[PDB]
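Enquirer: The structure follows.
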Amino acid sequence: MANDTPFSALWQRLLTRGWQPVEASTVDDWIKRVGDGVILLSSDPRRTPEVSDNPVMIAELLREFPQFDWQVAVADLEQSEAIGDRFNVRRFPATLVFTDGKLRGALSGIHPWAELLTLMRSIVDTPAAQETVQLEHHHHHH
């Protein structure tokens, strides 16, 4: 891993709320380790009035599924583009649904509650089993 790096005060404020800062590359190993969790991409950008969203409702989501212990990560602004591409969310703000150490999908659309429950539940209906392929190294050379 790295040494942890707060890019700016605008960034570090998210770390004050919590969550792990991940990259498009190192998110792979992160997922396999945590098993169950959600990655927050670069969500809502600035507008003009305070009609923004900001990740505050993701907490109640997490606590609504207390069956698993979810780890939440943040994909910065840059990593979100590569990560979004990889998980086929195109390039739009969405939460990545990871359970069982495997990808369930993304949450693009469905913003208010009620519908979110059934929509997400439809995807996380039944638990599964992961392929289990964790190649970790100490020092092969670097």
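Chain identifiers are assigned as A, B, and so on, following the order in which chains appear in the structure tokens; residues are numbered from 1 within each chain, and ligands are numbered from 1 in order of appearance.
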Based on DSSP run over this structure's backbone, return all residues of range 17-142 of chain A in alpha helix (DSSP H), as a ChimeraX atom specification.

Expert: /A:17,27-34,58-64,79-86,115-123

Enquirer: Output N, CA and C atoms of each residue in that selection to a file, as an mmCIF file, in the first residue's frame.

Expert:
data_model
loop_
_atom_site.group_PDB
_atom_site.id
_atom_site.type_symbol
_atom_site.label_atom_id
_atom_site.label_comp_id
_atom_site.auth_asym_id
_atom_site.auth_seq_id
_atom_site.Cartn_x
_atom_site.Cartn_y
_atom_site.Cartn_z
ATOM 1 N N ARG A 17 -14.757 12.239 7.457
ATOM 2 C CA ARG A 17 -15.997 11.481 7.542
ATOM 3 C C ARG A 17 -15.666 9.992 7.563
ATOM 4 N N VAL A 27 -7.648 -0.716 -6.211
ATOM 5 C CA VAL A 27 -9.007 -1.020 -5.769
ATOM 6 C C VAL A 27 -9.278 -2.519 -5.903
ATOM 7 N N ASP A 28 -8.569 -3.160 -6.832
ATOM 8 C CA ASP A 28 -8.734 -4.590 -7.094
ATOM 9 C C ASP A 28 -8.383 -5.405 -5.849
ATOM 10 N N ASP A 29 -7.189 -5.160 -5.312
ATOM 11 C CA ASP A 29 -6.726 -5.841 -4.102
ATOM 12 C C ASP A 29 -7.579 -5.454 -2.901
ATOM 13 N N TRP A 30 -8.006 -4.202 -2.870
ATOM 14 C CA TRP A 30 -8.857 -3.711 -1.794
ATOM 15 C C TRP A 30 -10.147 -4.527 -1.717
ATOM 16 N N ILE A 31 -10.810 -4.679 -2.857
ATOM 17 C CA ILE A 31 -12.075 -5.404 -2.928
ATOM 18 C C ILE A 31 -11.924 -6.844 -2.450
ATOM 19 N N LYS A 32 -10.892 -7.525 -2.940
ATOM 20 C CA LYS A 32 -10.673 -8.928 -2.604
ATOM 21 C C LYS A 32 -10.431 -9.106 -1.102
ATOM 22 N N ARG A 33 -9.903 -8.070 -0.458
ATOM 23 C CA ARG A 33 -9.616 -8.140 0.965
ATOM 24 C C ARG A 33 -10.878 -7.877 1.781
ATOM 25 N N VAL A 34 -11.630 -6.855 1.396
ATOM 26 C CA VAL A 34 -12.804 -6.451 2.162
ATOM 27 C C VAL A 34 -13.987 -7.388 1.923
ATOM 28 N N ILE A 58 -25.536 7.648 2.242
ATOM 29 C CA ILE A 58 -24.925 6.343 2.031
ATOM 30 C C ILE A 58 -24.748 5.621 3.373
ATOM 31 N N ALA A 59 -24.735 6.402 4.453
ATOM 32 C CA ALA A 59 -24.601 5.860 5.799
ATOM 33 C C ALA A 59 -25.819 5.020 6.187
ATOM 34 N N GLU A 60 -27.013 5.553 5.930
ATOM 35 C CA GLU A 60 -28.247 4.855 6.272
ATOM 36 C C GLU A 60 -28.446 3.637 5.373
ATOM 37 N N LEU A 61 -27.928 3.711 4.152
ATOM 38 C CA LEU A 61 -27.932 2.566 3.248
ATOM 39 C C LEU A 61 -27.137 1.425 3.867
ATOM 40 N N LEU A 62 -25.920 1.750 4.274
ATOM 41 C CA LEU A 62 -25.010 0.784 4.889
ATOM 42 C C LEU A 62 -25.657 0.107 6.101
ATOM 43 N N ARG A 63 -26.343 0.888 6.926
ATOM 44 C CA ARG A 63 -26.926 0.361 8.156
ATOM 45 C C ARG A 63 -28.242 -0.367 7.890
ATOM 46 N N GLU A 64 -28.752 -0.263 6.668
ATOM 47 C CA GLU A 64 -30.001 -0.917 6.313
ATOM 48 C C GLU A 64 -29.731 -2.369 5.946
ATOM 49 N N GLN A 79 -9.657 8.723 -10.501
ATOM 50 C CA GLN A 79 -9.798 7.270 -10.456
ATOM 51 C C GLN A 79 -11.212 6.848 -10.839
ATOM 52 N N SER A 80 -12.183 7.681 -10.477
ATOM 53 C CA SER A 80 -13.588 7.439 -10.795
ATOM 54 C C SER A 80 -13.811 7.184 -12.288
ATOM 55 N N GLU A 81 -13.026 7.838 -13.137
ATOM 56 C CA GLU A 81 -13.202 7.704 -14.575
ATOM 57 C C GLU A 81 -12.721 6.336 -15.052
ATOM 58 N N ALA A 82 -11.579 5.902 -14.538
ATOM 59 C CA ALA A 82 -11.025 4.604 -14.902
ATOM 60 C C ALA A 82 -11.809 3.474 -14.241
ATOM 61 N N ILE A 83 -12.154 3.662 -12.972
ATOM 62 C CA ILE A 83 -12.934 2.676 -12.233
ATOM 63 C C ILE A 83 -14.328 2.531 -12.840
ATOM 64 N N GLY A 84 -14.947 3.663 -13.158
ATOM 65 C CA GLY A 84 -16.259 3.649 -13.769
ATOM 66 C C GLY A 84 -16.258 2.926 -15.098
ATOM 67 N N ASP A 85 -15.195 3.127 -15.861
ATOM 68 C CA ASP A 85 -15.021 2.458 -17.143
ATOM 69 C C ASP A 85 -14.931 0.947 -16.949
ATOM 70 N N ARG A 86 -14.128 0.536 -15.972
ATOM 71 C CA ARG A 86 -13.885 -0.877 -15.700
ATOM 72 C C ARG A 86 -15.161 -1.616 -15.295
ATOM 73 N N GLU A 115 -37.702 2.884 -3.416
ATOM 74 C CA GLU A 115 -37.392 2.191 -4.660
ATOM 75 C C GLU A 115 -35.980 1.621 -4.616
ATOM 76 N N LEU A 116 -35.080 2.357 -3.970
ATOM 77 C CA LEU A 116 -33.676 1.960 -3.861
ATOM 78 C C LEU A 116 -33.558 0.608 -3.167
ATOM 79 N N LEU A 117 -34.372 0.403 -2.137
ATOM 80 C CA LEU A 117 -34.352 -0.844 -1.386
ATOM 81 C C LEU A 117 -34.623 -2.029 -2.303
ATOM 82 N N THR A 118 -35.763 -2.000 -2.974
ATOM 83 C CA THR A 118 -36.165 -3.091 -3.849
ATOM 84 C C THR A 118 -35.209 -3.242 -5.033
ATOM 85 N N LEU A 119 -34.764 -2.119 -5.587
ATOM 86 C CA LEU A 119 -33.859 -2.144 -6.729
ATOM 87 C C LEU A 119 -32.549 -2.827 -6.348
ATOM 88 N N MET A 120 -31.961 -2.388 -5.247
ATOM 89 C CA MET A 120 -30.698 -2.951 -4.794
ATOM 90 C C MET A 120 -30.874 -4.393 -4.312
ATOM 91 N N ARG A 121 -31.984 -4.665 -3.628
ATOM 92 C CA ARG A 121 -32.284 -6.000 -3.134
ATOM 93 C C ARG A 121 -32.397 -7.003 -4.270
ATOM 94 N N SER A 122 -32.941 -6.556 -5.393
ATOM 95 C CA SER A 122 -33.087 -7.406 -6.568
ATOM 96 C C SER A 122 -31.722 -7.918 -7.037
ATOM 97 N N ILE A 123 -30.688 -7.118 -6.811
ATOM 98 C CA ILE A 123 -29.339 -7.475 -7.215
ATOM 99 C C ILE A 123 -28.651 -8.312 -6.132
#

Enquirer: Closest to residue 40 in chain A among A:21, A:68, A:135, A:141, using only C-alpha atoms?

Expert: A:21

Enquirer: Within 9 Å of range 107-109 of chain A, counting only C-alpha atoms, which residues qualify if same-chain residues fewer than 6 places away don't, as a list in words?

Expert: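 Here the answer would be residues 89, 92, 93, 94, 95, 96, 97, 116, 119 and 120 of chain A.
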
Enquirer: Quick check, in Å to one decimal: how far apart do CA of residue 54 in chain A and CA of residue 99 in chain A lie?

Expert: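 The value is 23.6 Å.
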
Enquirer: If you run DSSP on the backbone, which residues of chain A are strand (DSSP E or B), as a short mmCIF file (atom, residue, chain, number, x, y, z; two decimals) with N, CA, C and O atoms, in the first residue's frame?

Expert:
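The result, stored in out23.cif:
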data_model
loop_
_atom_site.label_atom_id
_atom_site.label_comp_id
_atom_site.auth_asym_id
_atom_site.auth_seq_id
_atom_site.Cartn_x
_atom_site.Cartn_y
_atom_site.Cartn_z
N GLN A 20 -12.02 4.74 2.76
CA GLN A 20 -10.68 4.51 2.27
C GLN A 20 -10.47 5.15 0.90
O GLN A 20 -11.31 5.00 0.00
N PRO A 21 -9.38 5.89 0.71
CA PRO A 21 -9.01 6.44 -0.59
C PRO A 21 -8.35 5.39 -1.48
O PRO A 21 -7.31 4.83 -1.13
N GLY A 37 -18.53 -4.34 0.40
CA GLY A 37 -18.36 -2.91 0.52
C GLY A 37 -18.90 -2.16 -0.67
O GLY A 37 -19.45 -2.75 -1.60
N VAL A 38 -18.73 -0.84 -0.65
CA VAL A 38 -19.21 0.01 -1.73
C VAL A 38 -18.20 1.10 -2.04
O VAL A 38 -17.62 1.71 -1.14
N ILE A 39 -17.96 1.32 -3.32
CA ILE A 39 -17.05 2.38 -3.74
C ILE A 39 -17.86 3.57 -4.23
O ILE A 39 -18.74 3.44 -5.08
N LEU A 40 -17.58 4.73 -3.65
CA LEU A 40 -18.22 5.97 -4.07
C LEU A 40 -17.36 6.67 -5.11
O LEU A 40 -16.21 7.02 -4.84
N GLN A 71 -17.22 -2.04 3.85
CA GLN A 71 -16.19 -1.01 3.82
C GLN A 71 -16.47 -0.07 2.65
O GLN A 71 -16.73 -0.52 1.53
N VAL A 72 -16.46 1.22 2.91
CA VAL A 72 -16.72 2.20 1.87
C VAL A 72 -15.43 2.86 1.44
O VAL A 72 -14.59 3.20 2.27
N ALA A 73 -15.26 3.03 0.14
CA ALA A 73 -14.07 3.65 -0.40
C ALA A 73 -14.43 4.83 -1.30
O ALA A 73 -15.55 4.91 -1.79
N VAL A 74 -13.48 5.72 -1.50
CA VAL A 74 -13.67 6.86 -2.38
C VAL A 74 -12.68 6.80 -3.53
O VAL A 74 -11.49 6.53 -3.33
N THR A 95 -22.79 4.20 -7.02
CA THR A 95 -22.14 3.41 -6.00
C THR A 95 -21.90 2.00 -6.54
O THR A 95 -22.76 1.43 -7.20
N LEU A 96 -20.72 1.46 -6.29
CA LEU A 96 -20.40 0.12 -6.74
C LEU A 96 -20.77 -0.89 -5.67
O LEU A 96 -20.33 -0.78 -4.53
N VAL A 97 -21.59 -1.85 -6.05
CA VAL A 97 -22.10 -2.83 -5.11
C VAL A 97 -21.21 -4.06 -5.08
O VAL A 97 -21.21 -4.86 -6.02
N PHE A 98 -20.44 -4.19 -4.02
CA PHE A 98 -19.55 -5.32 -3.86
C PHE A 98 -19.93 -6.15 -2.65
O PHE A 98 -20.00 -5.65 -1.53
N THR A 99 -20.18 -7.42 -2.89
CA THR A 99 -20.49 -8.36 -1.83
C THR A 99 -19.89 -9.70 -2.19
O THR A 99 -19.67 -9.98 -3.37
N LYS A 102 -17.27 -10.21 -4.75
CA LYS A 102 -17.58 -10.21 -6.18
C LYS A 102 -18.48 -9.01 -6.53
O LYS A 102 -19.19 -8.48 -5.69
N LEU A 103 -18.41 -8.59 -7.79
CA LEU A 103 -19.17 -7.42 -8.24
C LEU A 103 -20.62 -7.78 -8.53
O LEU A 103 -20.91 -8.66 -9.34
N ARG A 104 -21.52 -7.08 -7.85
CA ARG A 104 -22.95 -7.24 -8.10
C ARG A 104 -23.40 -6.27 -9.19
O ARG A 104 -24.29 -6.58 -9.98
N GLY A 105 -22.78 -5.11 -9.22
CA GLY A 105 -23.11 -4.11 -10.22
C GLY A 105 -22.93 -2.70 -9.69
O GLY A 105 -22.22 -2.49 -8.71
N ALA A 106 -23.59 -1.75 -10.33
CA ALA A 106 -23.51 -0.36 -9.92
C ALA A 106 -24.91 0.19 -9.67
O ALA A 106 -25.90 -0.41 -10.10
N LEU A 107 -25.00 1.31 -8.97
CA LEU A 107 -26.28 1.92 -8.69
C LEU A 107 -26.39 3.25 -9.44
O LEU A 107 -26.19 4.32 -8.87
#

Enquirer: Pick from A:8, A:16, A:25, A:52: nearest to residue 75 in chain A, with only C-alpha atoms counted?

Expert: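 Distance minimum relative to residue 75 in chain A lands on A:25.
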
Enquirer: Quick one: of A:15, A:124, A:77, A:114, who's nearest to residue 43 in chain A, counting only C-alpha atoms?

Expert: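 Looking at the shortest contact to residue 43 in chain A, the residue is A:77.
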